[PDB]
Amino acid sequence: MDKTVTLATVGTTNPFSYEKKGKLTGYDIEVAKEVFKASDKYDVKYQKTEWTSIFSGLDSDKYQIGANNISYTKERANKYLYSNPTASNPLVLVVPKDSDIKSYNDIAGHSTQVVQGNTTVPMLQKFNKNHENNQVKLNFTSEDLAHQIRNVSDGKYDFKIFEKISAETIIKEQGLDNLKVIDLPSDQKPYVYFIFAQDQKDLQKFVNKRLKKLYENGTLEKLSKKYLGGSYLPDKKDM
């Protein structure tokens, strides 16, 4: 029978990866489904799992693909293969409207929630090394992004840093009308990607060939508009 490929996701990051009526959908998922439509070789299983388990399962080859609004880092690239980028998604600071927090450095001394292993953690840890007398209070949580965004709306925490597309989507869909988003600097292009277990070179090649085809023929843009709510593709030369 066809080779079973398991794609691992968290499924709590609307609109990249989430459930509708119990079924997994969102840009990462629907892109993967479109990629794999044109294969006789691979049958994909889409599996919801814990964030940390995506990575440990890729390490053990329990899983072959990871997808959940995943950024490039050198630490991850040391262990996993990356696809070509699938979207560009810059960071924002989510704060109550009219907060004192107006620019990145204003977070100094304020409290936020973070989830271990996400890229904002080392970002904020670096910030604290630079502002050691007025550090951000980091509260590690196991709760999901919408939960954390609502906690800022309710005043339990002062701000949340996350990608714009999910921040905006959640604030709109959950009617959190007392929040706003502030654009933050990007150190590098803020791309997101599929990742793969390190031994899955042929799979990576297949996915990349498909992404180039889908980019060129307009399908990827169609999916970005449909699931992300706008045209957020990476730059052509980066494909």
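A residue's number is simply how far along the shown sequence it sits, counting from 1.
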- Note on the structure: When mean C-alpha B-factors in the record are compared for 68-76 and 135-143, the larger belongs to 135-143
- Look up the CA B-factors in the entry and say which stretch, 49-57 or 190-198, has the higher mean. 49-57
- Note on the structure: Listed options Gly218, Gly11, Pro15, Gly230: highest C-alpha B factor recorded at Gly218
- Criterion, highest CA B-factor; candidates, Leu124, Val94, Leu81, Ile101: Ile101
- Message: Where does the C-alpha B-factor of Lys172 rank in its chain, lowest, middle or highest third?
- Response: highest
- Task: Tell me, lowest, middle or highest third: where does the Cα B factor of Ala108 rank within its chain?
- Result: highest
- Within-chain third of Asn89 by Cα B-factor, per the entry: lowest
- Lowest, middle or highest third - CA B-factor, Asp154: highest
- Query: Going by the entry, which third of its chain does the Cα temperature factor of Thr120 land in?
  - Reply: middle
